[PDB]
Number of protein chains: 2
Amino acid sequence: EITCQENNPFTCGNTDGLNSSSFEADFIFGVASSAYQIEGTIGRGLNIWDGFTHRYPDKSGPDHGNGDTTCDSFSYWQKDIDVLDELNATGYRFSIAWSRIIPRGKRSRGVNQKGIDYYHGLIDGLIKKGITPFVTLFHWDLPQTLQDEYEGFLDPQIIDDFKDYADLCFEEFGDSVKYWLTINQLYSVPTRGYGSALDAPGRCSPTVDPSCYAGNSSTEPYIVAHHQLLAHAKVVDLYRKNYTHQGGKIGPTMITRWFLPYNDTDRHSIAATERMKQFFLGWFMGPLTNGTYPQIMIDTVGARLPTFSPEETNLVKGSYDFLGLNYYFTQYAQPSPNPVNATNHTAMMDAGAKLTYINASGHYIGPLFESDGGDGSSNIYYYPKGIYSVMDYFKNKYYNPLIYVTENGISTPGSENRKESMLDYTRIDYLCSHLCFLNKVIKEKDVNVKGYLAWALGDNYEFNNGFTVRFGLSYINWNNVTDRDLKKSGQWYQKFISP
Amino acid sequence: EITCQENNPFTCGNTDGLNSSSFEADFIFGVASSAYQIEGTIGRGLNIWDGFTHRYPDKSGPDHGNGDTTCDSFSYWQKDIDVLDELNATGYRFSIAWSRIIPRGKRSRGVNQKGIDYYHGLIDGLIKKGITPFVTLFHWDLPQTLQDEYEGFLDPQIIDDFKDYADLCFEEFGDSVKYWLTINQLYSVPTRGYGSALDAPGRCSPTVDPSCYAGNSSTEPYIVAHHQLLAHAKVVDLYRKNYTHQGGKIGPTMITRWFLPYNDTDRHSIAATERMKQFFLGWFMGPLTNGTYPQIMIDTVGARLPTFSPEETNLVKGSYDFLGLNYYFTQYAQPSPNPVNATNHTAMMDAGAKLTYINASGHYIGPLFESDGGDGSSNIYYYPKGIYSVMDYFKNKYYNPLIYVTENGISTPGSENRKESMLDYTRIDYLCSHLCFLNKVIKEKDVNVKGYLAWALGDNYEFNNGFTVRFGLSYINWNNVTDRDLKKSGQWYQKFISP
Ligand SMILES: *[C@@H]1O[C@H](CO)[C@@H](O[C@@H]2O[C@H](CO)[C@@H](O[C@@H]3O[C@H](CO[C@H]4O[C@H](CO)[C@@H](O)[C@H](O)[C@@H]4O)[C@@H](O)[C@H](O[C@H]4O[C@H](CO)[C@@H](O)[C@H](O)[C@@H]4O)[C@@H]3O[C@@H]3OC[C@@H](O)[C@H](O)[C@H]3O)[C@H](O)[C@H]2NC(C)=O)[C@H](O[C@@H]2O[C@@H](C)[C@@H](O)[C@@H](O)[C@@H]2O)[C@H]1NC(C)=O
Ligand SMILES: *[C@@H]1O[C@H](CO)[C@@H](O[C@@H]2O[C@H](CO)[C@@H](O[C@@H]3O[C@H](CO[C@H]4O[C@H](CO)[C@@H](O)[C@H](O)[C@@H]4O)[C@@H](O)[C@H](O[C@H]4O[C@H](CO)[C@@H](O)[C@H](O)[C@@H]4O)[C@@H]3O[C@@H]3OC[C@@H](O)[C@H](O)[C@H]3O)[C@H](O)[C@H]2NC(C)=O)[C@H](O[C@@H]2O[C@@H](C)[C@@H](O)[C@@H](O)[C@@H]2O)[C@H]1NC(C)=O
Ligand SMILES: *[C@@H]1O[C@H](CO)[C@@H](O[C@@H]2O[C@H](CO)[C@@H](O[C@@H]3O[C@H](CO)[C@@H](O)[C@H](O)[C@@H]3O[C@@H]3OC[C@@H](O)[C@H](O)[C@H]3O)[C@H](O)[C@H]2NC(C)=O)[C@H](O[C@@H]2O[C@@H](C)[C@@H](O)[C@@H](O)[C@@H]2O)[C@H]1NC(C)=O
Ligand SMILES: *[C@@H]1O[C@H](CO)[C@@H](O[C@@H]2O[C@H](CO)[C@@H](O[C@@H]3O[C@H](CO)[C@@H](O)[C@H](O)[C@@H]3O[C@@H]3OC[C@@H](O)[C@H](O)[C@H]3O)[C@H](O)[C@H]2NC(C)=O)[C@H](O[C@@H]2O[C@@H](C)[C@@H](O)[C@@H](O)[C@@H]2O)[C@H]1NC(C)=O
Ligand SMILES: *[C@@H]1O[C@H](CO)[C@@H](O[C@@H]2O[C@H](CO)[C@@H](O)[C@H](O)[C@H]2NC(C)=O)[C@H](O)[C@H]1NC(C)=O
Ligand SMILES: *[C@@H]1O[C@H](CO)[C@@H](O[C@@H]2O[C@H](CO)[C@@H](O)[C@H](O)[C@H]2NC(C)=O)[C@H](O)[C@H]1NC(C)=O
Ligand SMILES: *[C@@H]1O[C@H](CO)[C@@H](O[C@@H]2O[C@H](CO)[C@@H](O)[C@H](O)[C@H]2NC(C)=O)[C@H](O)[C@H]1NC(C)=O
Ligand SMILES: *[C@@H]1O[C@H](CO)[C@@H](O[C@@H]2O[C@H](CO)[C@@H](O)[C@H](O)[C@H]2NC(C)=O)[C@H](O)[C@H]1NC(C)=O
Ligand SMILES: *[C@@H]1O[C@H](CO)[C@@H](O)[C@H](O)[C@H]1NC(C)=O
Ligand SMILES: *[C@@H]1O[C@H](CO)[C@@H](O)[C@H](O)[C@H]1NC(C)=O
Ligand SMILES: *[C@@H]1O[C@H](CO)[C@@H](O)[C@H](O)[C@H]1NC(C)=O
Ligand SMILES: *[C@@H]1O[C@H](CO)[C@@H](O)[C@H](O)[C@H]1NC(C)=O
Ligand SMILES: *[C@@H]1O[C@H](CO)[C@@H](O)[C@H](O)[C@H]1NC(C)=O
Ligand SMILES: *[C@@H]1O[C@H](CO)[C@@H](O)[C@H](O)[C@H]1NC(C)=O
Ligand SMILES: *[C@@H]1O[C@H](CO)[C@@H](O)[C@H](O)[C@H]1NC(C)=O
Ligand SMILES: *[C@@H]1O[C@H](CO)[C@@H](O)[C@H](O)[C@H]1NC(C)=O
Ligand SMILES: *[C@H]1O[C@H](CO)[C@@H](O)[C@H](O)[C@H]1NC(C)=O
Ligand SMILES: *[C@H]1O[C@H](CO)[C@@H](O)[C@H](O)[C@H]1NC(C)=O
Ligand SMILES: [Zn+2]
């Protein structure tokens, strides 16, 4: 009988009690990163995260930082492999920057052979060290040219451009890469990129944010989500029909959260909680498992929800070999009005829920996850049991998928100095408390989870936050980015992996 | 009888001896700038100077600096007007960033109303202070989307996109702007952007520079120059046929240089010198005045030189109301082989000339213009009489045009500290020695020069040099860019203008 802690203090940092041996022999342990966040712009074309951060610098982060040079994994990819080697990691999730290998967006315009070599050297070097690549095709960094030609995922033209790009990756790397992710966190771009405009490309309704250059927060998140699902499904079909000889697997990435009722004896809060599961998870998992959106979405969103043709439904349904599930935290849900007529309406209001980290009787859901200066009431708190509830829900509701936890991690303030940043005990607590529950749900519920990749390999540019927070298990000095030094969390993880 | 100095020490800094009164009453005096160099990326789309500097940071400058924030004239445009107001300037040349008003390149994709407002506020504020705007439509900062769609000026598609962009500028600003420049320094993009790849977009033959992503140094400079002339001519035709009610004038900008024989008694060096005038100036001025390239270009460049149809010739010939002539320095010319078969052949070798600042008998042509660390022999030297020889040549050879000197200035090292940077006596010497000759050629040769705009209003990102050199008549502290403080040169110029 496995017992896991939900509340500080945690004791799962002791590798006597919890380590990789607790898991099956073949279970993959590693870390993750993404191209925009680590590589730098050297050697690649420009993408909408360059566009967005440069046009709207106050949305790139409070320090206006961006991915221009960041930790320069373009130059220092070997140092990233050295961190993985030191961890004795068996997996590394990284993304290919579309702009690095097809700077002009559309493949017929030519490929950047040097960009293709960069990823060949990286993939080799990982394989030389026994590290299994999990490669994300699209971690949000859409070539700027496509956003300017037809507004990227707002237009069905993205489907063939994304397909041709994916085809080049499979052809160039698929002999060595056996685990592909199509689109990172399906929920994020539609909502943050086209709904609240916190993220690239930064489209939204005029009264949601006057700085958006265009958009409609009420309709575009549904259009973009729909094209994501079709583009993803066309790539998975290309992969399974044309690259089956490579003997690899492909899946989408979901951002997952669990949801609990803000008041667990109030039927309206219970209803809001189940609506959140459908609107947050089901928006994508319903198409991915059934070829259709959830009924509550169909009913609420009405004419703003696109339909799949029969052919499209069939393409999308079952379009994965596994699911890359990212998990960070859980929210309480209470009812909220859905003012579909307000000029500031967003797709996110359609769920009819308000999300918090404190429930009706004042209980905070768990330990601090992220502090906010501009609003202490806007702090995020985490919930280790959330990973157990998510995995169990995916096995039960979504047909017992093969899962890899493709991100899980926590930030520490960028204010902290080097010695404080290195002593990141809060990160050990976050990681181990989640790993405890993950082992617990695999053993108790028999969820088919086969790996875990902590976010992040090293400190990097964090979307929306610049360099004001750090997520790395290894520390990077922004005055001299060459080194990646294992923090206490990375040293703990090294011992967890090889106890 | 006007006498001007060619050699240090100069004495033209004394406004008793030389001042604006020496010139006609209406003569315009001011300074110049360009959008990429001063504004910052905030509020605009991305262009190929963002692309190039981020993809090839070691080509953006030795410090890898770029125009991301630079002197932030986006925020501080009023401070630029305050410098002009302090100078009692009557002219200001600035450029409109195409990416700021049509971020998606093609006008039918929508306009950035906030970007249009930015330029409205600036133009107003100039006019409120009695400053005549001279506005450059295209100072090299091509929206990145157009370079990625069809490689920008490499393709005839640029002609209609540039026309639609120009049309929006005329419609929005032409009620207040009466002096338009179409394309900055016609010679530069073809040669540096597509020949040596020192400049955006950074295309060239593989053995010229292996870092170029594509190109052909031997053919593309001619293709790009040809499309520049057609795009320029289509815009001038649009201006003169559709905006004649605005009562303004439009012209191209030429980079001008004078050329002297490396050995003035050697017929081969004399020949090389006349070839340089045709290949450097005539490449554009021949089409602009006659609708055809120079014969020596026709003969040498052969099948690599595009032809104008009769309609095209007629559009291009006479396509200016005035010429914006930029002038910085003069070179000696000696014969050089033109190895048309070498894989490293460039369009620039077609002139069959080698250019230096020292002639055969060891005479340096004039005072130091720019120091080079990596090669003392690669120093540039200036030649005040060059401005007299250029203007006289344009009146004589090119049909007595109306001219505005749209740039003329000199850099001082970025290494210098604040007090040394402010004491920029070398800049007074450069400016006054050229102004002396300019007055001299207007009086002696009757050249129709009606204004002079020194480069630059303030320190800015210098193309190729980042922040390693300073060109401003007003100083900008890169740790706090708000202020623009008149250097000794700006204070001298203020006295020169209002003696
Ligand atoms: C997994 O995918 C399954 C499909 O492969 C889902 O089942 C479908 O669910 C549909 C509802 O979402 C359902 O469609 C409805 O069918 C009604 C009856 O259709 C016939 O009869 C009509 C009159 O006799 C006639 O007009 C038709 O020609 C049919 O012969 C129909 O009235 C419904 O339309 C109304 O409501 C919808 C909103 O749902 C409106 O869009 C529409 O304007 C109208 O107001 C509806 O029809 C659908 O309308 C939209 C159109 O684009 C669709 O093509 C059309 O089908 C459909 O019959 C079933 N299909 C089958 C094979 O079962 C399944 O849904 C879950 O299970 C069903 C039984 C139900 O409980 C759903 O609510 C559940 O979500 C998906 N499963 C999951 C878990 O999501
Ligand atoms: C200002 O613009 C003027 C044009 O509006 C320039 O004058 C033109 O200069 C052309 C030379 O550059 C000249 O064209 C040549 O004409 C030759 C004779 O043409 C007729 O006779 C042929 C046989 O009888 C016949 O095939 C034709 O059908 C004509 O009836 C012709 O042989 C030349 O072609 C050879 O050389 C050219 C290289 O220049 C090659 O391209 C070609 O393969 C061939 O080897 C040449 O013809 C041109 O060929 C290319 C084609 O695209 C052109 O359409 C074709 O014209 C032309 O006659 C004149 N036009 C007139 C009206 O004078 C003027 O040039 C300067 O002045 C001329 C007199 C000469 O001195 C030039 O060298 C000067 O540059 C321009 N001025 C300036 C200052 O640049
Ligand atoms: C979690 O949700 C539950 C269920 O909603 C909350 O309990 C309910 O709380 C209501 C007050 O917020 C109770 O209603 C009141 O009943 C009294 C006595 O008859 C009356 O004076 C009030 O006006 C009010 O009556 C309602 O008025 C509006 C009508 O539309 C409605 O039909 C009336 O009932 C309600 O009875 C109670 N329900 C139950 C099943 O307990 C619960 O609230 C917390 O507990 C209750 C017992 C009370 O102490 C609340 O103040 C307290 O906050 C909520 N929990 C938390 C922590 O918020
Ligand atoms: C500026 O250009 C002029 C004209 O080209 C230079 O003067 C010429 O310089 C040549 C040497 O560089 C002289 O030719 C030599 O003549 C002697 C005596 O007959 C002979 O011993 C040499 O081999 C050479 O002869 C040539 O060899 C190659 C043949 O194809 C050619 O036909 C032969 O003549 C040449 O006479 C002279 N021309 C004139 C008109 O003066 C000039 O060079 C400078 O001045 C000359 C006088 C001499 O002192 C050079 O060393 C000196 O550099 C050059 N000026 C500069 C500063 O470079
Ligand atoms: C976002 O787009 C939707 C749909 O195009 C707009 O909502 C429509 O508004 C018009 C005029 O009020 C109505 O006739 C339609 O019934 C509405 N359609 C639906 C599907 O709601 C909405 O106004 C747009 N929002 C903004 C802020 O531009
Ligand atoms: C808010 O969350 C707390 C903690 O999860 C809930 O409190 C638990 O409530 C159940 C019975 O209702 C008890 O068995 C536990 O002992 C309680 N735990 C603690 C730490 O007090 C509380 O019910 C939630 N409130 C609402 C309104 O849903
Ligand atoms: C640049 O383009 C030119 C023309 O397309 C190339 O030169 C041609 O080379 C081929 C093969 O050697 C010859 O058949 C042609 O006669 C040449 N044309 C001319 C106009 O010179 C040249 O090789 C290209 N350069 C590079 C470096 O790509
Ligand atoms: C190099 O430049 C110098 C300076 O312009 C030239 O020297 C002048 O030559 C003429 C006669 O040839 C004299 O009248 C001047 O007195 C000379 N000036 C000086 C400062 O010496 C020289 O001729 C040029 N050399 C070549 C080979 O062209
Ligand atoms: C790893 O943890 C298990 C419990 O899951 C424990 O029995 C085992 O001894 C630990 N291994 C080491 C090497 O500490
Ligand atoms: C597989 O490759 C062939 C050859 O290019 C292509 O034409 C075919 O349509 C592809 N199948 C897909 C994309 O499912
Ligand atoms: C940067 O880091 C590397 C690796 O630690 C070090 O050897 C190098 O000298 C450092 N340079 C500076 C300028 O700190
Ligand atoms: C790496 O992990 C393997 C597999 O558990 C183990 O046998 C090996 O000793 C580990 N190496 C290090 C240096 O920890
Ligand atoms: C300006 O210079 C002229 C010579 O060009 C001189 O005669 C005049 O007095 C000067 N004006 C002033 C105000 O110094
Ligand atoms: C002038 O404007 C009209 C109206 O748009 C346009 O159709 C016409 O062709 C323009 N003339 C030019 C571009 O010379
Ligand atoms: C920046 O410059 C402005 C204008 O000189 C000044 O008033 C402001 O306080 C300065 N800020 C800093 C941080 O130097
Ligand atoms: C500005 O120039 C005008 C025109 O020469 C002159 O009359 C006026 O006094 C000048 N103002 C200043 C403050 O120098
Ligand atoms: C729309 O939403 C914002 C944020 O939810 C809220 O503060 C504002 O009152 C709303 N406006 C209207 C007219 O509903
Ligand atoms: C081509 O040009 C470069 C620079 O001009 C020169 O150093 C090299 O020798 C040349 N190569 C050949 C084969 O001509
Ligand atoms: Zn940047």
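By the method listed in its record, X-ray crystallography, this PDB entry was determined to a resolution of 1.64 Å.

1. Thoughts on the state of the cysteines
Residues and elements named next belong to chain B. Summed over all chains, the structure comprises 6 disulfides over all chains. Covalent S-S linkage joins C204 and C212, the inter-sulfur distance amounting to 2.1 Å. Handedness of the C204-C212 disulfide follows from its S-S torsion of about 110 degrees: it is right-handed. Here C204 falls in the buried class, since its relative accessible area comes to 1%. Counting only the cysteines that form disulfides, in the order they appear in chain A, gives the pairing 1-6, 2-5, 3-4.

2. Structural notes on the sheet that holds strand β7 (residues 259-261) of chain B
Residue and element names in this part refer to chain B. With respect to topology, 3 strands assemble into an open sheet ordered β7-β9-β10, the strand pairing being mixed. Of all strands in the sheet, those with a lone pairing partner are β7 and β10 (353-356), marking the two edges. For this sheet the average axis-to-axis angle between neighbouring strands, irrespective of direction, equals 40 degrees. Summarising the sheet, strand β9 (residues 331-335) and β10 pair through 4 bridges and their orientation is antiparallel. Each residue of the ladder has a partner; that of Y332, found in β10, is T356. Strands in contact with helix α11 (residues 267-290) are β7, β9 and β10; relative to β9, the strand with the most contacts, it is inclined by about 115 degrees.

3. Regarding the interface of chain B and chain A
One frequently used descriptor of interface size is the decrease in accessible area upon assembly of the parts. Opposite the 24 residues of chain B that make contact, chain A presents 24 residues. Approximately 1,900 Å² of surface area, both sides summed, lies buried where chain B meets chain A, with 52% of it carried by carbon and sulfur atoms. A per-residue breakdown of the area chain B buries against chain A is headed by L46, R55 and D148 of chain B, which together make up 34% of the total. Taken together, the links from chain B to chain A amount to 2 salt bridges. With a shortest N-O distance of 3.4 Å, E151 of chain B and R104 of chain A are connected by a salt bridge.

4. Looking at helix α17 (residues 488-497) of chain A
In an α-helix, one turn spans 3.6 residues, which is why side chains three or four residues apart end up on the same side. Residues and elements named next belong to chain A. Those residues of α17 not exposed but buried are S489, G490, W492, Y493, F496 and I497. On an axial view of α17, the arc spanned by its buried residues comes to 160 degrees, and they lie on one face. Along its buried surface, α17 packs onto β1 (28-32), α4 (73-87), α16 (425-445), β15 (448-455) and β18 (480-486).

5. Points about the coordination of the zinc ion (ligand 19)
Distances from the zinc ion (ligand 19) to its protein donors, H54 of chain A (NE2), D68 of chain A (OD), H54 of chain B (NE2) and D68 of chain B (OD), fall at 1.9 to 2.0 Å. Taken together, the 4 donor atoms coordinating the zinc ion (ligand 19) and their angles of 97 to 119 degrees define a geometry best described as tetrahedral. Placement of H54 of chain A in helix α2 (residues 48-55) and of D68 of chain B in the loop between α3 (57-60) and α4 (73-87) is noted, with the two residues assigned to different chains. The exposure class of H54 of chain A is buried, given its relative accessible area of 4%. Using a relative accessible area of 13% as the deciding quantity, one classes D68 of chain B as buried.

6. Some words on the packing of aromatic side chains
What the rule picks out here adds up to 112 aromatic pairs over all chains. Ring geometry for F134 of chain A against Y179 of chain A: centres 4.5 Å apart, planes inclined by 20 degrees, an arrangement best described as stacked. With a gap of 45 residues between them, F134 of chain A in strand β3 (residues 132-138) and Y179 of chain A in strand β4 (residues 179-183) connect regions that are remote in the sequence. Exposure remark for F134 of chain A: the relative accessible area of 0% places this residue in the buried category. The class of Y179 of chain A is buried, set by a relative accessible area of 17%. Pairing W98 of chain B with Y165 of chain B gives two aromatic rings, centres 4.6 Å apart and planes at 5 degrees, and the pair type is stacked. Residue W98 of chain B is located in helix α5 (residues 98-101), and its partner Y165 of chain B is located in helix α8 (residues 157-173); the two are separated by 67 residues in the primary sequence.

7. Re the pairing of strand β2 (residues 91-95) of chain A
Residues in a regular strand project their side chains so that they alternate between the two faces of the sheet. All names here are of chain A. By the criterion of burial, β2 is predominantly enclosed, with 5 of the 5 residues buried. Here β2 shows no split at all, with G91, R93 and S95 on one side and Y92 and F94 on the other all buried. Strand direction decides the pairing type here: β1 and β2, joined by 3 bridges, are parallel. Looking across to β2, one finds that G30 is bridged to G91. As judged from the 5 bridges shared by β2 and β3, these two strands associate in the parallel manner. The residue of β3 that forms the bridge with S95 is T136.

Calculation rules
Residues numbered from 1 in each chain as written, not as in the entry; some residues may be left out. Chains lettered and ligands numbered in written order. Heavy atoms only, no water. Disulfide = S-S within 2.5 Å. Buried < 20%, exposed > 50% of the residue type's maximum accessible area, 1.4 Å probe, protein only. Pairing = 2+ DSSP bridges. Helix = DSSP H or I, 4+ residues; strand = E, 2+ residues; numbered from the N terminus. Axes fitted to C-alpha atoms, helices over the stretch in contact; angles between N-to-C directions. Contact = heavy atoms within 4.5 Å. Buried area = accessible area lost by both parts, 1.4 Å probe. Salt bridge = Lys/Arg side-chain N within 4 Å of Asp/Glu carboxyl O. Arc of directions from axis to C-beta. Donors = N, O, S within 2.8 Å, 3.2 Å for Na, K, Ca; no water. Tetrahedral: all angles 85-135°; square planar, octahedral: opposite > 155°, others 65-115°. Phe/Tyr/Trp six-rings, centres within 6.5 Å; stacked < 30°, edge-to-face > 60°.

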